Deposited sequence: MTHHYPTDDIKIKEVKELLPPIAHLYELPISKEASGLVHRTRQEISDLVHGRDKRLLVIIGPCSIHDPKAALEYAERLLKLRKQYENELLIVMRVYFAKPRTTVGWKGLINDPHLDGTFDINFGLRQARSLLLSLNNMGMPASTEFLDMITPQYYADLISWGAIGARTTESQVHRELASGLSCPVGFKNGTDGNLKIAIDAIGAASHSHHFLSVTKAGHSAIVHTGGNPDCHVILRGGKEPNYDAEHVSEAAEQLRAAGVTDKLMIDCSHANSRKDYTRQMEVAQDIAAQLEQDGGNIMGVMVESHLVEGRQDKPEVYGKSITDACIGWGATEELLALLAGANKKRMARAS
């Protein structure tokens, strides 16, 4: 026999099964309540039963648990203060969808050693600490296996621009315990996200692993808590005209016309200093009408900007983020605007 199997494979190493991580780090009664409740609260937002604004906000990527926990500590205070106008959940994303650093799960030690057992442990550990302190977590799931390791700790999931059209990621979302947001495509196709909600609301089958770590078929029940995310395209799509047009196509498709607006990425034009602009336009809509907005997303860290090496504490090494002060302003701006909308 000529060889035909694993020709271009350096190594296939066994990973500790999810059950191993769940044994060391069982979810606590407290994290369980914060998760269950935040998910329900978000459901109400998706389906129009509450007019609070869901704010997904935090670092572009997590590369340092200390800074992440310190960021949460400061955010927790504002989560409480604006709890009547805003439902603040923290971005706990472990990589960018990219060339550069491959994320915290792949490369937890920031040196190129790919210790993914440790990476996954750290991600779970972080997510339980956060929930335990009272800060819910959100994340993007890039693949169909990692969710088994910590989705139990996640109160809101994203499927990014580059995966919203992928069948298997829609099948994933259809079984995720948390509400899920589908982003529009990298060039501004909103339809792919609309179809994804359709798909995600039905029952599907996809492949993954059991909690015990073995190949498996997953039969989902459908996810009725999905929604669109406006993150821009060739041009930005945050304004009232783009919101109104999205809302119409949503209704026509017979899915929720309540949606979320990313202030960052292509809606800012990859310029962190324009997130405030977007949030200001969103504030104007809320004060006017803004019936179709249920959430915003905001890339934010202790220190503003980007760096290639993790030199500065609390500075992103993936996309550029606004800093803490700009975070106080933006959140305040949104809370006040939405106080007025809810008051009508």
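No C-alpha positions are given in the record for the deposited-sequence stretches 1-3, 102-103, 350-351.
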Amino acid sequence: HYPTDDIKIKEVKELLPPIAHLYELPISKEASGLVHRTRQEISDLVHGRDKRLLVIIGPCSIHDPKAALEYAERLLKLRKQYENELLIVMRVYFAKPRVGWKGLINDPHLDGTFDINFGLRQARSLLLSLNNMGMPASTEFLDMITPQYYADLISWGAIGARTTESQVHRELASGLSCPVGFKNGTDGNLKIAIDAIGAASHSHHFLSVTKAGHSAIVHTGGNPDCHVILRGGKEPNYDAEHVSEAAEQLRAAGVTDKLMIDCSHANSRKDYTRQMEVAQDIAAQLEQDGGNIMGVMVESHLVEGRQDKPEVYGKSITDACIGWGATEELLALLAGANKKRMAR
From here on, numbers count along this sequence of modelled residues.
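According to the PDB record, 312-320 carries the higher mean C-alpha B-factor of the two stretches 56-64 and 312-320. Averaged over CA atoms, B-factors in the entry run higher in 289-297 than in the other of 26-34 and 289-297.
Per the PDB entry, 245 shows the highest C-alpha temperature factor of the residues 262, 245, 152, 195. Of the candidates 215, 131, 166, 268, the deposited coordinates give 268 the top C-alpha B factor. Compared with the other modelled residues of the chain, the Cα B-factor recorded for residue 220 ranks in the lowest third. Residue 96: CA B factor lies in the highest third for its chain, per the PDB record.
Annotation for residue 19: CA B-factor lies in the lowest third of the chain's modelled residues. Among the modelled residues of its chain, residue 189 has a C-alpha B-factor that falls in the middle third, as given in the PDB entry.
Among all modelled residues in this chain, the alpha-carbon of residue 232 has a temperature factor (C-alpha) in the middle third.
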